[PDB]
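Undergrad: Protein chains in written order, with UniProt numbering: chain A, 588 to 1130; chain B, 593 to 676, 682 to 798, 819 to 1019.
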Amino acid sequence: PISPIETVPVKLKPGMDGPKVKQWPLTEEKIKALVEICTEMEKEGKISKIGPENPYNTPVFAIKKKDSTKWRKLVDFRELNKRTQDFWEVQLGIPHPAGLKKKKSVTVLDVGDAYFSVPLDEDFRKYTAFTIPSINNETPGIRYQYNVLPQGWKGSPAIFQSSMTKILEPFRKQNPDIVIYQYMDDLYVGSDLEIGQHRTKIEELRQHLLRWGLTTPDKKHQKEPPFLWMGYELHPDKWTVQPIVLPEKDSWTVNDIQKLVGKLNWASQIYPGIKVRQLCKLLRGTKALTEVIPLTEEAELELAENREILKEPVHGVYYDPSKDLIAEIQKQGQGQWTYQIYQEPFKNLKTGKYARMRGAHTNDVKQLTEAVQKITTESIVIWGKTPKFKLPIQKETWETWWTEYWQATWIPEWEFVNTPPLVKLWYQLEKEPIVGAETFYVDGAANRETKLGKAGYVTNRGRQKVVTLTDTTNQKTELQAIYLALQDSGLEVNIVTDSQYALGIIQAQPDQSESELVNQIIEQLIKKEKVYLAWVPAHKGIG
Amino acid sequence: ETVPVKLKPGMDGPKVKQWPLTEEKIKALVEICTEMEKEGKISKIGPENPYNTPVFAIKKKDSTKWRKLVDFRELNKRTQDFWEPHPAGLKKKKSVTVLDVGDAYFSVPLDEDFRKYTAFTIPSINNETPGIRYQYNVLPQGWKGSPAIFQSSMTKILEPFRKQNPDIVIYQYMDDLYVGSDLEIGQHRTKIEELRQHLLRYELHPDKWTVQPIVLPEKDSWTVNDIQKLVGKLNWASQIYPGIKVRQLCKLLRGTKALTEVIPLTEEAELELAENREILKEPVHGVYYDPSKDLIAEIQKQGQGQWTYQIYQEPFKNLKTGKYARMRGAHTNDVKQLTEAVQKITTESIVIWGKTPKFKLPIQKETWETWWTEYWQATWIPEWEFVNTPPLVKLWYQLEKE
Ligand SMILES: CC(C)c1c(Cc2ccccc2)n(COCc2ccccc2)c(=O)[nH]c1=O
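1. Can you tell me whether residue 643/A is helix, strand or coil according to DSSP?
2. Kindly list, in the order they appear in chain B, the residues whose Cβ is closer than 7 Å to that of residue 686/A.
3. Taking the Cβ atom as the reference point for each residue, do residue 594/B and residue 705/B lie within a distance shorter than 9 Å?
4. I want to check one thing, is the minimum distance from the CB of residue 782/A to the heavy atoms of ligand 1 below 8 Å?
5. Does residue 977/A come within less than 9 Å of chain B when only Cβ atoms are used?
6. At 9 Å on the CB atoms, spell out the chain B contacts of residue 1141/A, in chain order.
7. Name, in chain order, the residues that DSSP records as bridge partners for residue 976/A.
8. Assuming residue 671/A contacts residue 597/A under a Cβ cut-off of 8 Å, what Cβ separation, rounded to an integer in Å, is found between them?
9. Identify every residue that forms a DSSP beta bridge with residue 1056/A.
10. Can a CB atom of chain A be found closer than 9 Å to the CB of residue 734/B?
11. Give the single residue among 840/A, 726/A and 823/A whose Cα lies nearest to the Cα of residue 882/A.
12. Applying a beta-carbon distance threshold of less than 7 Å, which residues of chain B neighbour residue 768/A?
13. Note the first and the last residue of the continuous alpha helix (DSSP H) segment covering residue 747/B.
14. Is any heavy atom of ligand 1 found at a distance shorter than 8 Å from the C-beta of residue 796/A?
15. Which chain A residues sit within Cβ distance under 7 Å of residue 849/B?
16. Rounded to whole angstroms, what is the Cα-Cα separation between residue 711/A and residue 702/A?
17. Using the DSSP secondary-structure output, state which residues sit across from residue 774/A in a beta bridge.
18. Between residue 627/A and residue 636/A, is the Cβ-Cβ spacing less than 9 Å?
19. What residues from the region 723–750 of chain A come within 8 Å of chain B, judged by C-beta to C-beta, listed N to C?
20. Examine the Cβ distances between the region 1109–1116 of chain A and the region 837–856 of chain B and report whether three or more of them are shorter than 8 Å.
21. Please report the straight-line C-alpha distance between residue 801/A and residue 753/A, rounded to a whole angstrom.
22. Could you spell out where the alpha helix (DSSP H) holding residue 964/B opens and where it closes?
23. Going along chain A in order, which residues have a C-beta closer than 9 Å to the C-beta of residue 955/B?
24. CB-CB under 7 Å to residue 676/A, same chain, minus the five flanking residues each way: which ones, in chain order?
25. Look up residue 697/B in the DSSP assignment and give the residues it is bridged to.
26. What does residue 1047/A reach in chain B if we use C-beta pairs closer than 7 Å?
27. Verify the contact flag: residue 690/A, CB atom, against every heavy atom of ligand 1, threshold strictly below 8 Å.
28. Considering Cα atoms alone, identify which of 803/A, 1091/A and 608/A is closest to residue 792/A.
29. Any C-beta of chain A within less than 7 Å: which residues of the region 953–985 of chain B qualify?
30. Report the residue from 1061/A, 1023/A, 667/A and 641/A whose alpha carbon sits nearest the alpha carbon of residue 738/A.
31. Please confirm whether residue 717/A has its beta-carbon closer than 9 Å to some beta-carbon of chain B.
32. Give me, in chain order, the residues of the same chain whose beta-carbon lies closer than 6 Å to that of residue 978/A; leave out the 5 immediate sequence neighbours on both sides.
33. By the 10 Å Cβ neighbour count, where 16 or more other Cβ atoms means buried, how is residue 650/A classified, buried or exposed?
34. Note down, in chain order, every chain A residue with its Cβ under 9 Å from the Cβ of residue 642/B.
35. Are the beta-carbon atoms belonging to residue 833/B and residue 736/B less than 9 Å from one another?
36. For residue 1101/A, which option in 1074/A, 998/A, 1080/A and 944/A has the closest C-alpha, if you only look at C-alpha atoms?
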């Protein structure tokens, strides 16, 4: 017996036909078990023997469950699935422990066979027809069709999920002080009710779920705390991060090191001190995933350190809406940042880190702005609001930057926290031409075919120079010119050029670049006391 | 009965994601959606409906309330057209008033066969709950088919107040109404209410809309740099006015003198700047709108709260050009300034050609996407892309009223 609820109307991917295939022949051993099963289900009202008017068919398979050691049934819906209408499936929105409000107690209901507990839209049922094969094709196969949501079929998780929702509709209404999180085969139900009133209410939902056709999970398969919910252990007052172990050996292959590295990168989030420079180094010029690599001394060291760090106990408190949501950010190096959101000090709700992307060009304030807001989005997702930021930047500096930065930008409400190193503007081009200082008229050129580049300068002060370069691009010489201007000038310079890229720097004032030439130029720039980059149009000689 | 509305040929329905919503905004939308459900306006829908359109909550005036803002931009594009004109007098009246009439659609059923397309979802904090899926039963507010179906019906309700005084011009754009009257302040507002009150059973003046020209910096003393600047900008301007010359100016530059040196402008270089100023003295002849083309509008952040924009279709053939100075409140917020600007510009557009322009925004997609709805006011939503402001296009328009 199953649920007497409204069947969702399913249609085959708008424009096709049901699958059909020659049932993969099975041994008499398998086939036998297969009939037992199908007949049981038949009576439970789940599947139904049928007539030869069904052109459709899906492959059934018997797999020896490496758990109970008996023959289990498994229908292969790959084909039906590749022709079933797409359903609303945004369920890839997995809560994060940090946003869960603490509950006096949680109880986890099992509703596993529930897919089989929800009927199937009578019209669609036909397409799921499967057949139990016969011994050497003697008495033609036993024909069945599904009456309920078949497990392995595309629409089941969705349909089952929505059904559960309709059925919880009543309950939730009646008691709006009982939280129920529906995930796969479990309903994590919690409350702030006294343990006895809570225990009664859970019992109530159960008799309701039974009322609704969903059979009760025997007290053997009862899941209890801590809850092992992928990546974490949800304890009543705290949630922890499941310990990640490093599989040690005395022989590591490419595949080994990569998986490790991938696993260590992941760990880097809750562990800002995980390093993979050395380990990753072992990838250089590899020749097959099967290839075996010996760790450097430094890599061995690094791995070692990572093992220890991974031992340190990571976890966080839950969400108390009655308190502030605070987020603090630190820059752990050029293009790498750490944040830790918490309501109470030390009581981190969650922490993490952002990385760069060898930005062709940016400043650390921009980068700080990107981290802040990225956080902001995950805070909205998790807690429906944004944190009061506490950032390592002088408001003076911030005001100073965003004021004239060409791109629109903003940091929500934030306060300053002097936890060095502070974020600042490595340099600032002067607003107007520098009085006194030498003026470098720079110029670079290159024959795009030959790569015979040439770049130089002429200062108003008679000084001059021209460097020969081979294998350089138009861009390179153009910048190199500016670079030469800078390497040879006093603490203050004025430099005029036609470079569109130079101009692309006047506006952005980057301090991180993809192009190392541009990174070396940034070097010279920060060294100087006063720098005034002025631009004028090429193809017209001024020097 | 209701007219069958279909999507355009070869198009599927909108399947947009709902960006994250602020807790205050979700709570509200639920509250808003419950009443509509009861009122039979929207209906909870299942997983068999694979479509989706985003919803948000914006804020009104004097009623510290939230309004359901649905972004049908995509649905709209996929919606069949509605024919198989704009009254140019509106853009001239020294006064127009923005009024909403979208509330009127709830009284008009939506073709049952098209409802699935209006599917939308209310998010959940931390995803501890499914999205409250709904779908519209009536004409969706903010949809394009709405003003259209309710057109014949909008003709009759409007007719009397129009026939009252053929003088006034009212434009119906999507969910709004722009009322034009040359009468003084109290006058406009007085005849305005009669329309409003009649509807039971902002005061803009399209004149200050000067597509402000360019002015070249007069200067007692000119340095090498100043010329470099001037020249570098005239060269860009020549992309617009090809009669702009920079030679005689460049001669005053031939030499590696110090940037700060004072260069006396030759008489020849003099006339050339003078010639250049004349040329700039008026818009490039030959620029006139084209209805079959998309109206473009890019904005440049100018700093100090200043902003510049240009609406065109053909590059360099600007149909209008202007500047924005943050409203005394937008201060430490470019996002607010940028939103206000976008809305300002968008209305100016509608009033003139009856369509919203497509924006080229000097903001990071991610920064825009996160906070724009917190300052948005308009019942409609423009098309928009994100760009990197080229260094001279800004400088050129930097040459404004100063
Ligand atoms: C009911 C759900 C939504 C819920 C839970 C369970 C929960 C478990 C797995 C996945 C999501 C949620 N917890 C997790 O807390 C663990 C725990 C264990 C034992 C007693 C109380 C709490 C919580 O703190 N607040 C909640 O609201």
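For every residue, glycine included, the Cβ atom is placed at its ideal position computed from N, Cα and C.
TA: According to the data block:
1. coil
2. 722 and 723
3. yes
4. no
5. no
6. Here chain A has residues from 588 to 1130 only, and residue 1141/A is not among them.
7. 914/A and 1001/A
8. 7 Å
9. 1040/A
10. no
11. 840/A
12. 725
13. 742–761
14. no
15. 1122, 1123 and 1124
16. 15 Å
17. 696/A and 769/A
18. no
19. 742, 745, 746, 748 and 749
20. no
21. 13 Å
22. 951–970
23. 995
24. 745
25. 773/B
26. 873, 874 and 875
27. yes
28. 803/A
29. 955, 979, 980, 981, 983 and 984
30. 667/A
31. no
32. 916 and 1001
33. exposed
34. 672, 673, 674, 675 and 676
35. no
36. 944/A
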